[PDB]
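>>> This one is an experimental structure. Sequence first:
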Amino acid sequence: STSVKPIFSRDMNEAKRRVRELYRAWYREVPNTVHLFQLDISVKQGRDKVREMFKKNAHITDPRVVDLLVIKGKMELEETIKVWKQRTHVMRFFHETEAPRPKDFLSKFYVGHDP
Amino acid sequence: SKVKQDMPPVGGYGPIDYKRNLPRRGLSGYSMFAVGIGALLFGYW
Amino acid sequence: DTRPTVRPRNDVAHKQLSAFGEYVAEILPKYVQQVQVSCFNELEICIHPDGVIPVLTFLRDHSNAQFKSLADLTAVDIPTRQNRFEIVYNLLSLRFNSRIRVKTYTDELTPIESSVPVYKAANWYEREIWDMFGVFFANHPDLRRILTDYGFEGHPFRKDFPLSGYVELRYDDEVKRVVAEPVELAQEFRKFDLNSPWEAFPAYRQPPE
Amino acid sequence: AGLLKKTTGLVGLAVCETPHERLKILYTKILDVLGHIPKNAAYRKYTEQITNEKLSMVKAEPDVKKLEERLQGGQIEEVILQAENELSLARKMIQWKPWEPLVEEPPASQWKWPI
Amino acid sequence: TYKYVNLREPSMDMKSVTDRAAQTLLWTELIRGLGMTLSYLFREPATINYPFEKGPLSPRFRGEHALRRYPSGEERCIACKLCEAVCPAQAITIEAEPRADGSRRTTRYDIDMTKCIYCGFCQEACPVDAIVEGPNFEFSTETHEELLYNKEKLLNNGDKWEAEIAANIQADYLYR
Amino acid sequence: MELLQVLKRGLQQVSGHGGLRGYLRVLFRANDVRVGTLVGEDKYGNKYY
Amino acid sequence: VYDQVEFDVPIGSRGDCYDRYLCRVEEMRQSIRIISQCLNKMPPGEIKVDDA
Amino acid sequence: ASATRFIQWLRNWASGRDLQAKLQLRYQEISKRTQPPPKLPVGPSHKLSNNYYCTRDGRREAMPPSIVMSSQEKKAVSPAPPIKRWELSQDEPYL
Amino acid sequence: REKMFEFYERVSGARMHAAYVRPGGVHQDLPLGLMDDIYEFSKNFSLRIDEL
Amino acid sequence: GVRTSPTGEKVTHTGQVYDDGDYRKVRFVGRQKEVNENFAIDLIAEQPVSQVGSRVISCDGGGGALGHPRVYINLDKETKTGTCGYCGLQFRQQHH
Ligand SMILES: CCCCCCCCCCCCCCCCCC(=O)OC[C@H](COP(=O)([O-])OCC[N+](C)(C)C)OC(=O)CCCCCCCCCCCCCCCCC
Ligand SMILES: CCCCCCCCCCCCCCCCCC(=O)OC[C@H](COP(=O)(O)OCCN)OC(=O)CCCCCCCCCCCCCCCCC
Ligand SMILES: CCCCCCCCCCCCCCCCCC(=O)OC[C@H](COP(=O)(O)OCCN)OC(=O)CCCCCCCCCCCCCCCCC
Ligand code: SF4
Ligand code: SF4
Ligand SMILES: [Zn+2]
């Protein structure tokens, strides 16, 4: 009970090192991604998007969940560096065609029934 | 009246060839070279 | 076995597989948890996840097993189990003209050792298991999605993944590219409740709760 | 002894000039490695049994073709390869120690089907 | 039993070596390949003159769907929904209500012909021979919407092809 | 000669379609000038051979 | 009923694309051999299990 | 089948076979497209007596797997007897 | 292959995706005269492989 | 029978028609509304009632195995005619 087999990191301190290593790889890659794919975004927008993705999981405290997130993040990086992804796949992080949905109670009330 | 299905003929079907069949044709190598050399000599003459 | 509509039993193979099942459990007691043979003569060895490399190596190399072919490797998702995933190895022995099934288990976070060292065929089967179920295989030469689209989020073959997914693609003329948007169906898939409220097979009746 | 076969019929499986002498070496090496496994391990008892049976046939049949009919393992070159695999397996069973008791029983309903 | 496909030892007598030498230098086995395609040039082609000629079909052919009537003109379909339950693609949508005369009939009978896999399971499951796959297969359209058949379109198909549909069922219903 | 019969059999396709005008009509509408046996004609004008 | 028919299994020697082409062409010949036996041994009776 | 004798000779010679014997285009040797109606037979279970379903119920004879071992000088065995070696074909051993 | 698609079409109604073989047997019995047509197709197919 | 609504659109045998203000009528502009003119409710009503001498009659729809499952209709009531639930043909017992 509570004794589990690890993936890569035996504790959060070790896991956070892999998070920082992954962040440095993504940070150095955005200039190349915005160049090869000929994206109409800036290097600042891309690096802001990377930061947005990392802060989205800043509340994790289980090292194994962090290990999978780094594993999944490295697969994403490998797909982008080798240009397995297309321009359509790299722009799906920006949701350019999705109309902004309401956030406040009143706006959600007027348009439909969803919470 | 009686059962009627799709069945083989009473005596069965005839033999069906399946084995490879590549018949031998042409002349021997000796004759082929003899004809070609004879053509040259007449051509040269 | 004279009944036209009923499948005849082969009790010679049933004894042979039962005998060999004990044989494996005697040689690998550290890993073998349960052995069984089905009524259609298929032997199953249920092992601890730690025994993936020892068990498969024995079954491939032992002179009385010689299971040189990995017929297939797949996972089954059973949410009600503490370990929801069930890794299934189907091996074939050409020397003895026999088949054996090796089964283990894991969950969302526990890795399972990669069997590429034992069977080169497991390279893509483990990529498919990871891609479609999210089961991580440790020490895999290169693990990544094999079937799903690039950037696809989630694991489709999990029982809690919806049939139509969460996103769908179209072409948008404003951005001049194919985009991904939340799924809306013109006709919703119609769920049919087909189960009959009367028990079909008394032989499999589970003890009352 | 018999005439030497020109081919085994299997691609990449070279003919063996001395099938008997090579088999006697491999089986003897297997029985030496099995001496390091505890006397009561079922792997040792079973593997020594079958190895001795094949070793006796190799010593009691000088003709290769007649030896193959007794070993029932295909070409004599296949039998040598299986001896090499068994020897490699025994060297690895020592490290794994499968004869030890079960590492851990499964949860209560892990192998219960249907659910 | 097995056989070898490429386990043969060539002869080494001087006449066999010369024969292979002539084949290498005079391209005999390539000239032989030319002779096989020359033969086809002088055979009658297998092409048919479509649309003036049609490829042969059979009474079991599974083509466009149709809803049939009894000889009196009453619809055969009685809204049992067996076709809807067995349709692998869920291409059939049905609604039903008691008709003005109290008859069990449908108010909606739609087949999305772009979901359908033309498998015939619906006509197998129909207990009144109401929904059938007809012999028509030349019904391509210039727009997607034209392939979403409703009840009116399916009754029109049945009334159009009934003469042929009835004769095909007459030719194959004893096998069913 | 079977050679002559071929040429003769090709000259009878012109006559079997009603002359040159009929022969050319079926050569350009259907790209085929075979002569067949009239099995029947439907109410829309289609003729089946 | 594959144990009631007679046919030969082609076997290659080189393991290359040419031996696998010969195996496939020779398997087509063996399929004609089986079809001959299925056309003559076809028995009468029902075509689906008589269990409704 | 409408080829003149000369063209038949030319195409038979160019291929080395007698093509006319085995033409790849079908002719009146095919079955008639209209056939007499069938009268198919019935299965072994079409009986009026001695035909209770519990005596031929295949699904209800299936059983759960029989547990051989569970964690909840004996001779060695293999999964089955070693496979007998195939015999070279006598129809055509070498292609 | 076109002629062997007619055998598919004459037993199931579809040239390719017959859905003919099912658990329990097949879906319908062979129509009368089919086996005669399979014999005629098979009698010549060996020559087709020889040309190949 | 086929009848037209006041705006001119035809009414189907199910009683479906678009109201004068429904925007969905735009789909029929430049095209036509497919309607089957052989209303089955009218055609079945045109069939004569069959007189029979027995209290119970069977209908398979005609054509044997090409009809519908054979059902048995009770003709004891004199006020109304027994109707086949499958094909709508009516039967009446002769002189009750
Ligand atoms: C007696 C006195 C002594 C001297 C007498 C000498 C007389 C004989 C003179 C020698 C004859 C040489 C003939 C030419 C040989 C050249 C070809 C060759 O090198 O063969 C080996 C080559 C290669 O053969 P290979 O692939 O098997 O390899 C040969 C070498 N080994 C085996 C060691 C690897 O063959 C070819 O050239 C293949 C041809 C390519 C395919 C072309 C399509 C075929 C077209 C056929 C129609 C041709 C119509 C031509 C006529 C046109 C008219 C305008
Ligand atoms: C007879 C036909 C005459 C017309 C042909 C004209 C074309 C000539 C080009 C083709 C070459 C054929 C001429 C060579 C001689 C052939 C006759 C011959 O060799 O004698 C027959 C004899 C029987 O052969 P066998 O005993 O069964 O086995 C061989 C064992 N040495 O074989 C022997 O045992 C004798 C020794 C055989 C070895 C001699 C070397 C032969 C190879 C040298 C290259 C020949 C080609 C050179 C020319 C190339 C240009 C074409
Ligand atoms: C460089 C080539 C020289 C010719 C080029 C110019 C061609 C004329 C094109 C402009 C005039 C239009 C002519 C109409 C096209 C010809 C085909 C045709 O339409 O046939 C129509 C006519 C039958 O009409 P009909 O059925 O009676 O009326 C309708 C009844 N419901 O049946 C007829 O055909 C009437 C006869 C006069 C028209 C004949 C067209 C001849 C076309 C060239 C014939 C070449 C044939 C040989 C081909 C080469 C073979 C080696
Ligand atoms: S043919 Fe098959 S897929 Fe199409 S509507 Fe009928 S049951 Fe559905
Ligand atoms: S078409 Fe046939 S199966 Fe479908 S609802 Fe109507 S009666 Fe039932
Ligand atoms: Zn009725």
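Looks like it came in fine. Numbers count the residues shown, from 1 in each chain, chains lettered A, B, ... in the order given. Ligands and ions are numbered 1, 2, ... in the order given.
>>> Can you name the residue of chain D nearest to ligand 6?
Residue nearest to ligand 6 within chain D: residue D:114 (44.2 Å; C-beta to the ion). All C-beta spots, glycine's among them, are computed from the backbone N, C-alpha and C.
>>> is it true that that residue touches residue C:205?
No: with contact defined as C-beta atoms under 8 Å, residue D:114 does not count as touching residue C:205 (10.4 Å).
>>> on that earlier part again, for the closest residue to the residue of chain D closest to ligand 6 other than its chain neighbours, give its distance to residue H:62.
Nearest residue to residue D:114 in three dimensions, chain neighbours excluded: residue C:204, at 6.8 Å (C-beta to C-beta, 6 or more residues apart in numbering or on different chains). Distance, residue C:204 to residue H:62, using C-beta to C-beta, to the nearest Å: 9 Å.
>>> And for residue D:10?
Remark: distance between residue D:10 and residue H:62 (C-beta to C-beta) = 41 Å.
>>> what does chain E put close to ligand 5?
Counting by C-beta under 6 Å from any ligand atom, chain E comes close to ligand 5 at E:77-83, E:94, E:125-126, E:128, E:130-131.
>>> mind listing which of those are in strands?
E:94, E:131 (DSSP state E).
>>> Just send the residues of chain E next to ligand 5 back as CSV, with distance to residue A:5 and neighbour count too.
Shown next, in CSV, are those (distance: C-beta to C-beta, whole Å; neighbours: other C-beta atoms under 10 Å in any protein chain shown):
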residue, distance to residue A:5, neighbour count
E:77, 60, 27
E:78, 61, 21
E:79, 58, 20
E:80, 55, 17
E:81, 51, 15
E:82, 52, 18
E:83, 52, 22
E:94, 53, 19
E:125, 51, 16
E:126, 56, 20
E:128, 61, 20
E:130, 60, 26
E:131, 57, 25
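>>> For ligand 3, state which of the residues of chain E next to ligand 5 is nearest.
Distance to ligand 3, by C-beta to the nearest ligand atom, is smallest for residue E:131 among the residues of chain E next to ligand 5, at 41.0 Å.
>>> And the strands in chain E?
Under DSSP E, chain E gives strands at E:2-4, E:65-67, E:92-98, E:104-112, E:131-133, E:148-149.
>>> Can I get the ones you listed in TSV including distance to chain H?
As requested, those are exported to TSV (distance: least, C-beta to the nearest C-beta, whole Å):
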stretch	distance to chain H
strand E:2-4	4
strand E:65-67	22
strand E:92-98	29
strand E:104-112	29
strand E:131-133	19
strand E:148-149	30
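>>> center of chain G - which residue?
residue G:31 (4.3 Å; C-alpha atoms, centre = their mean).
>>> Could you find the closest non-adjacent residue to it?
Closest residue in space to residue G:31, ignoring its immediate chain neighbours: residue G:7 at 8.0 Å, by C-beta to C-beta, 6+ apart.
>>> And for that neighbour, the neighbour number?
19 (other C-beta atoms under 10 Å in any protein chain shown).
>>> tell me the SS of it?
Secondary structure, DSSP: H, G, I helix; E, B strand; the rest coil: residue G:7 is coil.
>>> any chance you could map the helices in chain B?
B:29-44 (DSSP state H).
>>> Run through the residues of it sitting next to ligand 4.
So chain B never meets ligand 4 (C-beta under 6 Å from any ligand atom).
>>> could you measure the residue nearest to residue D:114 against residue C:124, distance?
35 Å.
>>> what does residue J:22 give?
Here the criterion is C-beta to C-beta. By it, residue J:22 lies 55 Å from residue C:124.
>>> How much space separates the spatially most central residue of chain D from residue H:31?
By C-alpha atoms, centre = their mean, chain D has its centre lying nearest to residue D:86, at 3.8 Å. Per C-beta to C-beta, residue D:86 is found 61 Å from residue H:31.
>>> Quick check, the residue in chain A closest to ligand 6?
For chain A, C-beta to the ion, closest residue to ligand 6: residue A:113, 47.3 Å.
>>> sec struct for that residue, please.
coil.
>>> Tell me who's in contact with the residue nearest to residue E:87 when sequence neighbours are not counted.
Leaving out its chain neighbours, the residue that sits closest to residue E:87 by C-beta to C-beta, 6+ apart is residue E:122, at 6.0 Å. Counting by C-beta atoms under 8 Å, 6 or more residues apart in numbering or on different chains, residue E:122 makes contact with E:65, E:83, E:86-87, E:92, E:131, E:133.
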